[PDB]
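Q: Hey, dropping structure27.txt in here, compact mmCIF, C-alpha atoms:
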```
# COMPACT_ATOMS: atom_id res chain seq x y z
CA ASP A 3 -40.08 -16.57 -25.25
CA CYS A 4 -39.55 -19.61 -23.00
CA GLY A 5 -42.12 -21.23 -20.75
CA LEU A 6 -41.51 -22.00 -17.08
CA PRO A 7 -37.91 -23.02 -16.32
CA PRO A 8 -36.99 -26.66 -15.83
CA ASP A 9 -37.43 -28.48 -12.54
CA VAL A 10 -34.42 -28.72 -10.23
CA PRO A 11 -34.28 -30.87 -7.09
CA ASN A 12 -34.15 -29.04 -3.76
CA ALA A 13 -34.46 -25.71 -5.58
CA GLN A 14 -37.35 -23.42 -6.54
CA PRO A 15 -37.07 -20.87 -9.35
CA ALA A 16 -37.98 -17.27 -8.53
CA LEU A 17 -40.36 -16.44 -11.38
CA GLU A 18 -41.94 -13.40 -9.74
CA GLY A 19 -45.48 -14.41 -10.75
CA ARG A 20 -44.57 -14.53 -14.46
CA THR A 21 -45.25 -17.34 -16.93
CA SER A 22 -43.52 -16.01 -20.05
CA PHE A 23 -39.84 -15.11 -20.13
CA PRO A 24 -38.28 -13.10 -22.96
CA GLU A 25 -35.07 -14.40 -24.51
CA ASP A 26 -31.94 -13.79 -22.42
CA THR A 27 -34.17 -13.64 -19.34
CA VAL A 28 -32.11 -15.15 -16.51
CA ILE A 29 -33.83 -17.13 -13.77
CA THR A 30 -32.14 -18.14 -10.52
CA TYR A 31 -33.10 -21.11 -8.36
CA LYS A 32 -33.26 -20.88 -4.56
CA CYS A 33 -32.40 -24.02 -2.55
CA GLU A 34 -34.95 -25.30 -0.03
CA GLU A 35 -34.81 -25.73 3.75
CA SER A 36 -31.90 -27.86 4.98
CA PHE A 37 -30.28 -27.09 1.65
CA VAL A 38 -27.49 -24.65 0.82
CA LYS A 39 -25.98 -23.98 -2.61
CA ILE A 40 -22.52 -25.37 -3.33
CA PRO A 41 -20.06 -22.58 -3.90
CA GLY A 42 -19.03 -21.89 -7.52
CA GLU A 43 -21.71 -24.12 -9.05
CA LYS A 44 -24.33 -22.80 -11.44
CA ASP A 45 -27.68 -22.15 -9.77
CA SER A 46 -29.26 -20.32 -12.71
CA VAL A 47 -30.72 -20.84 -16.17
CA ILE A 48 -31.16 -18.55 -19.12
CA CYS A 49 -33.87 -18.60 -21.74
CA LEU A 50 -32.12 -18.88 -25.10
CA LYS A 51 -33.15 -19.14 -28.72
CA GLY A 52 -35.57 -21.97 -29.46
CA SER A 53 -37.51 -21.40 -26.25
CA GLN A 54 -34.75 -23.46 -24.68
CA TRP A 55 -33.49 -22.95 -21.14
CA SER A 56 -29.76 -23.49 -20.45
CA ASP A 57 -28.43 -26.73 -18.98
CA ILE A 58 -27.98 -27.36 -15.27
CA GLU A 59 -27.17 -30.16 -12.84
CA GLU A 60 -27.99 -30.44 -9.13
CA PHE A 61 -26.20 -27.73 -7.15
CA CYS A 62 -27.69 -27.94 -3.63
CA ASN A 63 -26.20 -30.13 -0.88
CA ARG A 64 -27.36 -30.90 2.67
CA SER A 65 -26.22 -28.46 5.37
CA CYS A 66 -26.67 -27.14 8.93
CA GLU A 67 -28.15 -23.72 9.57
CA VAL A 68 -25.85 -20.94 10.76
CA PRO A 69 -24.45 -21.84 14.16
CA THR A 70 -26.77 -20.61 16.89
CA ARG A 71 -25.81 -17.44 18.71
CA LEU A 72 -23.97 -18.10 21.95
CA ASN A 73 -23.68 -15.60 24.77
CA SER A 74 -20.19 -16.74 25.71
CA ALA A 75 -18.38 -17.12 22.41
CA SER A 76 -18.61 -15.68 18.93
CA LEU A 77 -17.74 -17.39 15.64
CA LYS A 78 -14.31 -16.81 14.11
CA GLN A 79 -13.32 -16.07 10.52
CA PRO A 80 -14.41 -17.01 8.14
CA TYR A 81 -17.27 -19.11 9.49
CA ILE A 82 -18.84 -15.86 10.69
CA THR A 83 -19.84 -15.10 7.10
CA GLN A 84 -20.51 -18.62 5.81
CA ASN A 85 -23.85 -20.34 5.18
CA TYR A 86 -22.81 -23.57 3.46
CA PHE A 87 -22.25 -26.02 6.31
CA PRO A 88 -21.94 -29.36 4.58
CA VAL A 89 -22.06 -32.22 7.09
CA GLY A 90 -18.73 -32.87 8.79
CA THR A 91 -18.01 -29.13 8.99
CA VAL A 92 -16.31 -27.49 11.98
CA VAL A 93 -16.83 -23.92 13.09
CA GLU A 94 -14.49 -22.30 15.56
CA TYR A 95 -15.58 -20.00 18.34
CA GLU A 96 -13.85 -17.20 20.19
CA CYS A 97 -14.76 -16.12 23.73
CA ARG A 98 -16.89 -12.97 23.95
CA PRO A 99 -16.55 -10.05 26.34
CA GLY A 100 -16.10 -10.90 28.95
CA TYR A 101 -15.67 -14.67 28.98
CA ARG A 102 -12.59 -16.86 29.30
CA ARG A 103 -11.56 -20.02 27.47
CA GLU A 104 -11.74 -23.35 29.28
CA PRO A 105 -8.53 -25.06 28.10
CA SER A 106 -9.96 -28.55 28.60
CA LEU A 107 -12.89 -27.82 26.27
CA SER A 108 -12.99 -27.44 22.48
CA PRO A 109 -14.37 -24.17 21.09
CA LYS A 110 -15.27 -25.93 17.85
CA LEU A 111 -18.61 -27.30 16.65
CA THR A 112 -19.50 -30.06 14.23
CA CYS A 113 -22.37 -30.22 11.76
CA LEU A 114 -23.93 -33.60 12.51
CA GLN A 115 -25.38 -35.92 9.88
CA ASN A 116 -28.88 -34.81 10.79
CA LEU A 117 -28.12 -31.20 9.89
CA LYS A 118 -27.64 -30.34 13.56
CA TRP A 119 -24.59 -28.87 15.31
CA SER A 120 -22.80 -30.78 18.07
CA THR A 121 -24.05 -29.70 21.50
CA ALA A 122 -21.75 -26.89 22.57
CA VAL A 123 -19.72 -27.31 25.75
CA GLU A 124 -18.74 -24.54 28.18
CA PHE A 125 -15.48 -23.75 26.40
CA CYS A 126 -16.07 -20.10 27.25
CA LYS A 127 -16.70 -19.52 30.94
CA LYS A 128 -17.72 -16.26 32.59
CA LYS A 129 -14.89 -13.96 33.61
CA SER A 130 -14.50 -13.56 37.38
CA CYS A 131 -14.45 -10.10 38.95
CA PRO A 132 -11.85 -8.98 41.48
CA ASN A 133 -12.65 -9.79 45.12
CA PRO A 134 -15.14 -7.18 46.34
CA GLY A 135 -12.82 -6.63 49.30
CA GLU A 136 -13.65 -5.70 52.89
CA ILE A 137 -15.63 -2.71 54.13
CA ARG A 138 -14.48 -1.26 57.44
CA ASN A 139 -17.46 -1.21 59.81
CA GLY A 140 -19.66 -2.32 56.91
CA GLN A 141 -20.62 -5.49 55.01
CA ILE A 142 -20.64 -6.81 51.45
CA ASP A 143 -23.61 -8.94 50.38
CA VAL A 144 -22.58 -11.27 47.54
CA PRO A 145 -25.98 -12.71 46.63
CA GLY A 146 -24.65 -14.77 43.70
CA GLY A 147 -20.86 -14.82 43.22
CA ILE A 148 -18.70 -12.11 41.63
CA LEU A 149 -18.68 -13.37 38.02
CA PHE A 150 -19.38 -11.06 35.06
CA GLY A 151 -22.93 -9.71 35.37
CA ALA A 152 -22.84 -10.23 39.14
CA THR A 153 -24.18 -7.85 41.77
CA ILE A 154 -23.14 -6.95 45.30
CA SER A 155 -24.74 -4.66 47.83
CA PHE A 156 -23.35 -2.72 50.77
CA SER A 157 -24.53 -2.06 54.32
CA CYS A 158 -22.98 -0.62 57.48
CA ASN A 159 -22.69 -2.02 61.00
CA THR A 160 -25.03 -0.43 63.57
CA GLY A 161 -23.65 2.94 64.62
CA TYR A 162 -22.12 3.69 61.22
CA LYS A 163 -23.69 5.52 58.27
CA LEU A 164 -23.36 4.63 54.59
CA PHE A 165 -21.61 7.09 52.29
CA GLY A 166 -21.52 6.14 48.62
CA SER A 167 -23.20 3.56 46.41
CA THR A 168 -25.45 0.95 47.99
CA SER A 169 -24.61 -1.52 45.22
CA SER A 170 -22.07 -2.38 42.52
CA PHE A 171 -22.19 -4.38 39.27
CA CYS A 172 -19.49 -6.58 37.76
CA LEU A 173 -19.78 -4.83 34.41
CA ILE A 174 -17.59 -5.38 31.36
CA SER A 175 -14.61 -3.01 31.37
CA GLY A 176 -11.87 -2.86 28.73
CA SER A 177 -10.22 -6.28 28.46
CA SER A 178 -11.56 -7.73 31.70
CA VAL A 179 -14.38 -7.69 34.26
CA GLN A 180 -14.72 -4.71 36.62
CA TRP A 181 -17.07 -3.49 39.36
CA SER A 182 -19.39 -0.62 38.37
CA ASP A 183 -18.97 1.35 41.60
CA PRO A 184 -16.32 1.85 44.25
CA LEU A 185 -16.42 0.37 47.75
CA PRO A 186 -18.36 2.94 49.78
CA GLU A 187 -17.58 4.12 53.31
CA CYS A 188 -19.19 3.60 56.70
CA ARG A 189 -18.94 6.73 58.83
CA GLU A 190 -19.33 6.60 62.59
CA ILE A 191 -22.56 8.34 63.56
CA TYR A 192 -21.46 10.64 66.38
CA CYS A 193 -23.96 12.00 68.90
CA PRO A 194 -24.35 15.69 69.64
CA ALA A 195 -22.14 17.03 72.43
CA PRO A 196 -23.73 16.04 75.75
CA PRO A 197 -25.75 18.74 77.46
CA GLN A 198 -24.02 20.64 80.24
CA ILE A 199 -26.01 20.69 83.46
CA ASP A 200 -26.26 23.29 86.19
CA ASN A 201 -24.39 22.63 89.43
CA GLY A 202 -23.00 19.42 87.97
CA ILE A 203 -20.34 18.10 85.61
CA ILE A 204 -19.52 15.22 83.28
CA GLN A 205 -17.31 12.53 84.80
CA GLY A 206 -14.39 11.93 82.44
CA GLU A 207 -15.76 13.93 79.50
CA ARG A 208 -14.97 12.87 75.94
CA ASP A 209 -14.18 14.23 72.47
CA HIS A 210 -16.70 12.14 70.56
CA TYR A 211 -19.55 9.96 71.74
CA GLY A 212 -20.55 7.12 69.44
CA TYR A 213 -23.22 4.44 69.49
CA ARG A 214 -23.85 2.83 72.86
CA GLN A 215 -21.30 5.13 74.51
CA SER A 216 -22.42 6.81 77.73
CA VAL A 217 -21.84 10.04 79.61
CA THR A 218 -21.86 10.00 83.43
CA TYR A 219 -22.91 13.07 85.41
CA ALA A 220 -21.93 14.28 88.87
CA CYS A 221 -23.29 17.06 91.10
CA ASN A 222 -20.94 19.56 92.75
CA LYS A 223 -20.57 19.68 96.53
CA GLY A 224 -23.81 20.58 98.31
CA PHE A 225 -26.00 19.55 95.41
CA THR A 226 -28.19 16.49 94.96
CA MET A 227 -28.68 14.60 91.68
CA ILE A 228 -32.20 14.57 90.24
CA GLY A 229 -32.83 11.92 87.58
CA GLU A 230 -30.83 9.29 85.71
CA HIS A 231 -27.15 9.70 86.49
CA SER A 232 -26.09 8.83 82.95
CA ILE A 233 -27.20 8.77 79.33
CA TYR A 234 -26.22 6.56 76.42
CA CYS A 235 -25.87 7.63 72.80
CA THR A 236 -28.54 5.98 70.68
CA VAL A 237 -28.68 6.00 66.91
CA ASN A 238 -31.80 6.24 64.80
CA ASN A 239 -31.61 6.66 61.06
CA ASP A 240 -27.92 7.51 60.83
CA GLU A 241 -28.88 10.15 63.38
CA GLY A 242 -27.16 10.24 66.78
CA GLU A 243 -29.54 10.98 69.67
CA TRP A 244 -28.88 10.89 73.43
CA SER A 245 -30.74 8.27 75.46
CA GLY A 246 -32.75 11.07 77.11
CA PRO A 247 -32.46 14.11 79.38
CA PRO A 248 -29.46 14.76 81.62
CA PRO A 249 -29.94 14.57 85.36
CA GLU A 250 -30.57 17.67 87.47
CA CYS A 251 -28.43 19.03 90.29
CA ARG A 252 -30.76 20.26 92.97
CA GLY A 253 -29.23 22.45 95.69
```
As structure tokens, what does this structure read like?

A:
Amino acid sequence: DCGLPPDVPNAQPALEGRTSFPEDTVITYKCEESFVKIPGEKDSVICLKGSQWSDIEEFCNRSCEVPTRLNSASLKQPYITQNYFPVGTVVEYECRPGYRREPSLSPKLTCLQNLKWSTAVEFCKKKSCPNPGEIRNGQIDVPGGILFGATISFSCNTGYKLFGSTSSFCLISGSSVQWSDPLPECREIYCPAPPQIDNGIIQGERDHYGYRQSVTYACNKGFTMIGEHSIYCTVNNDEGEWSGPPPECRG
């Protein structure tokens, strides 16, 4: 049997709590922090006859950790599966979903001498959603732009009622940015048909009476009006309600 394996710089043998290794027993060394094993180089020893471990030279070199995860871009091949980032190494990035390349900026990163990657630029910008558009008799609230991940709400002008979603999200869709919900509709809140009064009539009657619109009453010959001569259509909670009671035609 062999005793503990030799000592190797920047590496620590995985003994597994043992002290005595039977012949042929193979022991591998694991590099230390800031150190990654050179590809193709021996990183192991074997206990041979004569209680003699195999030969071995230094096999670890200085390197950067795996590039940090970015929300905008994702590593390309084959860097996406590498771990040995010797100084002076460049990794290439590819815009995520859904982000778009910024021509003027490099999507590559460099492993600096201090085992740190070059501060990443904004090579991958956020994809812009299509213009929310215009809502007839309604409004679009764009709290913070229309970029991917954005949010817009909808409301209706007084007198109109909202029919559909109250909000939309610039969610990721296929190979581009798209709004989660369709542009709703604002429906005119019509009041109930104006009451018909006795001995009177409605001056220039109408088909539909909307918000603020009024109905004017008139008494027939020989009759006298009793009350407010007109009423205006009010709206309360998408509910159309007449200003009040129609006048009265007293004979």

Q: For residue A:5, which of A:24, A:197, A:19, A:105 is the closest residue, counting all atoms listed in the file?

A: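 Checking each of A:24, A:197, A:19, A:105 against residue A:5, counting all atoms listed in the file, the winner is A:24.
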
Q: From the set A:153, A:193, A:120, A:164, which residue has the shortest atom-to-atom contact distance to residue A:141, counting all atoms listed in the file?

A: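 Nearest candidate to residue A:141 out of A:153, A:193, A:120, A:164: A:164.
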
Q: For residue A:165, which residue out of A:27, A:177, A:139, A:108 is the nearest one, using only C-alpha atoms?

A: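 Closest to residue A:165, using only C-alpha atoms: A:139.
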
Q: Would you mind reading off the distance between atom CA of residue A:82 and atom CA of residue A:110, one decimal, in Å?

A: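 About the pair atom CA of residue A:82 and atom CA of residue A:110: they are 12.9 Å apart.
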
Q: Step by step: start from the point (-22.4, -26.7, 23.7) in the file's coordinates, keep every protein, DNA or RNA residue that has an atom no farther than 10 Å from it, count all atoms listed in the file, and write the set as a compact mmCIF listing (two decimals) with C-alpha atoms, in the frame of the given file.

A:
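The result, stored in out.txt:
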```txt
# COMPACT_ATOMS: atom_id res chain seq x y z
CA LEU A 72 -23.97 -18.10 21.95
CA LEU A 107 -12.89 -27.82 26.27
CA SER A 108 -12.99 -27.44 22.48
CA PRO A 109 -14.37 -24.17 21.09
CA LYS A 110 -15.27 -25.93 17.85
CA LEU A 111 -18.61 -27.30 16.65
CA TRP A 119 -24.59 -28.87 15.31
CA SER A 120 -22.80 -30.78 18.07
CA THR A 121 -24.05 -29.70 21.50
CA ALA A 122 -21.75 -26.89 22.57
CA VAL A 123 -19.72 -27.31 25.75
CA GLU A 124 -18.74 -24.54 28.18
CA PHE A 125 -15.48 -23.75 26.40
CA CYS A 126 -16.07 -20.10 27.25
```

Q: Can you tell me, as a list in words, what residues are no more than 12 Å from residue A:159 when counting only C-alpha atoms, ignoring any on the same chain fewer than 6 positions away?

A: residues 137, 138, 139, 140, 141, 142, 187, 188, 189, 190, 191, 213, 237 and 240 of chain A

Q: Give me, please, the distance in Å between atom CA of residue A:128 and atom CA of residue A:170, quoted to one decimal.

A: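 Straight-line distance from atom CA of residue A:128 to atom CA of residue A:170 works out to 17.6 Å.
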
Q: Measuring between only C-alpha atoms, which one of A:247, A:8, A:224, A:80 shows the shortest distance to residue A:54?

A: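 With only C-alpha atoms as the atom set, the closest residue is A:8.
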
Q: In Å to one decimal, how far is atom CA of residue A:145 from atom CA of residue A:169?

A: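 Atom CA of residue A:145 lies at a distance of 11.4 Å from atom CA of residue A:169.
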
Q: Leaving out residue A:214 and any residue of its chain fewer than 3 positions from it, which residues lie within 12 Å of it when counting all atoms listed in the file, given as a JSON list (two decimals) with C-alpha atoms, in the frame of the given file?

A:
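So selection.json came out as:
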```json
[["chain", "number", "residue", "atom", "x", "y", "z"],
["A", 160, "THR", "CA", -25.03, -0.43, 63.57],
["A", 161, "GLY", "CA", -23.65, 2.94, 64.62],
["A", 162, "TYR", "CA", -22.12, 3.69, 61.22],
["A", 190, "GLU", "CA", -19.33, 6.60, 62.59],
["A", 191, "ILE", "CA", -22.56, 8.34, 63.56],
["A", 192, "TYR", "CA", -21.46, 10.64, 66.38],
["A", 193, "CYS", "CA", -23.96, 12.00, 68.90],
["A", 210, "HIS", "CA", -16.70, 12.14, 70.56],
["A", 211, "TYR", "CA", -19.55, 9.96, 71.74],
["A", 217, "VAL", "CA", -21.84, 10.04, 79.61],
["A", 232, "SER", "CA", -26.09, 8.83, 82.95],
["A", 233, "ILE", "CA", -27.20, 8.77, 79.33],
["A", 234, "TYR", "CA", -26.22, 6.56, 76.42],
["A", 235, "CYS", "CA", -25.87, 7.63, 72.80],
["A", 236, "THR", "CA", -28.54, 5.98, 70.68],
["A", 237, "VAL", "CA", -28.68, 6.00, 66.91],
["A", 238, "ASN", "CA", -31.80, 6.24, 64.80],
["A", 242, "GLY", "CA", -27.16, 10.24, 66.78],
["A", 243, "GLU", "CA", -29.54, 10.98, 69.67],
["A", 244, "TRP", "CA", -28.88, 10.89, 73.43],
["A", 245, "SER", "CA", -30.74, 8.27, 75.46]]
```

Q: I want to know what sits within 9 Å of residue A:148, based on all atoms listed in the file, with residues of the same chain fewer than 2 positions away left out; could you give that as a list in words?

A: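 Surrounding residues, per the criterion: residues 130, 131, 132, 133, 134, 144, 145, 146, 150, 151, 152, 153, 154, 171 and 172 of chain A.
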
Q: Rank nothing, just name the residue among A:222, A:116, A:106, A:182 nearest to residue A:64, using only C-alpha atoms.

A: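 Under the stated criterion, the closest residue is A:116.
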
Q: Using only C-alpha atoms, find the one residue out of A:46, A:56, A:91, A:157 that sits nearest to residue A:25.

A: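 Among the listed residues, the smallest separation from residue A:25 belongs to A:56.
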
Q: Have stretch 55-74 of chain A completed to N, CA, C and O atoms, please, and pass it along as a short mmCIF file (atom, residue, chain, number, x, y, z; two decimals), in the frame of the given file.

A:
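Writing the result to selection_15.cif gives the following:
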```cif
data_model
loop_
_atom_site.label_atom_id
_atom_site.label_comp_id
_atom_site.auth_asym_id
_atom_site.auth_seq_id
_atom_site.Cartn_x
_atom_site.Cartn_y
_atom_site.Cartn_z
N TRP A 55 -34.23 -23.39 -22.32
CA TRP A 55 -33.49 -22.95 -21.14
C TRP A 55 -32.09 -23.60 -21.17
O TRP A 55 -31.90 -24.65 -21.78
N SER A 56 -31.13 -22.96 -20.51
CA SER A 56 -29.76 -23.49 -20.45
C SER A 56 -29.71 -24.78 -19.64
O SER A 56 -30.66 -25.11 -18.93
N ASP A 57 -28.59 -25.49 -19.72
CA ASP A 57 -28.43 -26.73 -18.98
C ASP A 57 -28.15 -26.46 -17.51
O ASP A 57 -27.93 -25.31 -17.11
N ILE A 58 -28.21 -27.50 -16.69
CA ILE A 58 -27.98 -27.36 -15.27
C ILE A 58 -28.12 -28.68 -14.53
O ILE A 58 -29.09 -29.41 -14.72
N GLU A 59 -27.15 -28.96 -13.67
CA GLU A 59 -27.17 -30.16 -12.84
C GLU A 59 -27.47 -29.74 -11.40
O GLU A 59 -27.51 -28.55 -11.09
N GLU A 60 -27.69 -30.72 -10.53
CA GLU A 60 -27.99 -30.44 -9.13
C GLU A 60 -26.85 -29.66 -8.48
O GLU A 60 -25.68 -29.98 -8.67
N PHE A 61 -27.20 -28.60 -7.76
CA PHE A 61 -26.20 -27.73 -7.15
C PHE A 61 -26.40 -27.50 -5.65
O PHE A 61 -25.62 -26.78 -5.03
N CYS A 62 -27.47 -28.06 -5.08
CA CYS A 62 -27.69 -27.94 -3.63
C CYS A 62 -27.18 -29.20 -2.93
O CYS A 62 -27.22 -30.29 -3.48
N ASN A 63 -26.67 -29.02 -1.71
CA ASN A 63 -26.20 -30.13 -0.88
C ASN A 63 -26.79 -29.93 0.51
O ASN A 63 -27.26 -28.84 0.84
N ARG A 64 -26.81 -30.99 1.32
CA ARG A 64 -27.36 -30.90 2.67
C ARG A 64 -26.44 -30.11 3.59
O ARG A 64 -25.21 -30.26 3.52
N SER A 65 -27.02 -29.29 4.46
CA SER A 65 -26.22 -28.46 5.37
C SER A 65 -26.94 -27.99 6.64
O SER A 65 -28.17 -27.88 6.68
N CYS A 66 -26.14 -27.68 7.67
CA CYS A 66 -26.67 -27.14 8.93
C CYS A 66 -26.94 -25.65 8.78
O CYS A 66 -26.27 -24.96 8.02
N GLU A 67 -27.88 -25.14 9.56
CA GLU A 67 -28.15 -23.72 9.57
C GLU A 67 -26.97 -23.01 10.23
O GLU A 67 -26.07 -23.66 10.76
N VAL A 68 -26.93 -21.69 10.14
CA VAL A 68 -25.85 -20.94 10.76
C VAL A 68 -25.80 -21.31 12.23
O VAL A 68 -26.84 -21.49 12.86
N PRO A 69 -24.60 -21.47 12.77
CA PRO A 69 -24.45 -21.84 14.16
C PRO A 69 -25.27 -20.89 15.02
O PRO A 69 -25.37 -19.70 14.71
N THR A 70 -25.93 -21.43 16.04
CA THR A 70 -26.77 -20.61 16.89
C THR A 70 -25.94 -19.64 17.72
O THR A 70 -24.83 -19.95 18.13
N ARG A 71 -26.49 -18.46 17.94
CA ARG A 71 -25.81 -17.44 18.71
C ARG A 71 -25.56 -17.90 20.14
O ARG A 71 -26.48 -18.35 20.82
N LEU A 72 -24.32 -17.77 20.59
CA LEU A 72 -23.97 -18.10 21.95
C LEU A 72 -23.62 -16.82 22.69
O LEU A 72 -23.09 -15.87 22.11
N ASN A 73 -23.96 -16.77 23.97
CA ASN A 73 -23.68 -15.60 24.77
C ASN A 73 -22.20 -15.52 25.10
O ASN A 73 -21.64 -14.43 25.20
N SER A 74 -21.58 -16.67 25.29
CA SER A 74 -20.19 -16.74 25.71
C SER A 74 -19.17 -16.52 24.61
O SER A 74 -18.19 -15.80 24.79
#
```
